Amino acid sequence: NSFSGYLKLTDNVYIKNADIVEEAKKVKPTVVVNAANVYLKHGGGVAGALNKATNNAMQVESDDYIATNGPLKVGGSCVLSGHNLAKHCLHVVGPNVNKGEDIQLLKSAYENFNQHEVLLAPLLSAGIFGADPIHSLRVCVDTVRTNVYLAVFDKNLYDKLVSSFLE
């Protein structure tokens, strides 16, 4: 959990312009969060990047979890192996606004982070899931009380997010 160079937004929320895959390799975190869907099919966005960085080990483990336990619910999570990226991967399902899901469940999705004293995470329901990323950061700040280190790949979004907090 060697986190450094994050902007400290609040007492417990940190943000950095970084690829979550590269941060995970650098930081060696206890927990990396996946922006998952309910059947843990890691096809695109953050999930695709994390799975490809494990050379599909995450997808094989995820398929076994689903076969045995069935799909997650929106706002839910499970803990699986972090493989080479982290000790654990917390797979968290935020609502997919682009596929017509409800923004109230974004708070429930972020509540899962409170089970872990420190996490490396993406912004939930952002990118291809279609939520306003600045709203997602506000929900994170209001909901998560443990130490969350947010990786935002796109420097422009990072600067927009920091500006919404500082200006």
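Only the largest set of C-alpha atoms that superpose within 1.5 Å between the two forms is called the rigid core. The first residue of the sequence shown is number 1, and the count goes up from there.
The segment moving more, judged by mean Cα distance from this form in 9 other deposited structures of this protein after a core overlay, is 92-100 among 92-100 and 79-87. Structural divergence in 9 other deposited structures of this protein between 121-129 and 108-116: following superposition by the core, 121-129 has C-alpha atoms lying farther from the shown form. Once the C-alpha B-factors are averaged per stretch, 8-16 and 155-163 rank with 155-163 first.
For the pair 28-36 and 66-74, the mean B factor over Cα atoms is greater in 66-74.
Residues shown: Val139, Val118, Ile103, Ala47. Highest C-alpha temperature factor in the entry: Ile103. Ranking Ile134, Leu123, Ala109, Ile128 by the C-alpha B-factor listed in the PDB entry places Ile128 at the top. Looking at the C-alpha B-factors along this chain, the one for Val92 belongs to the lowest third.
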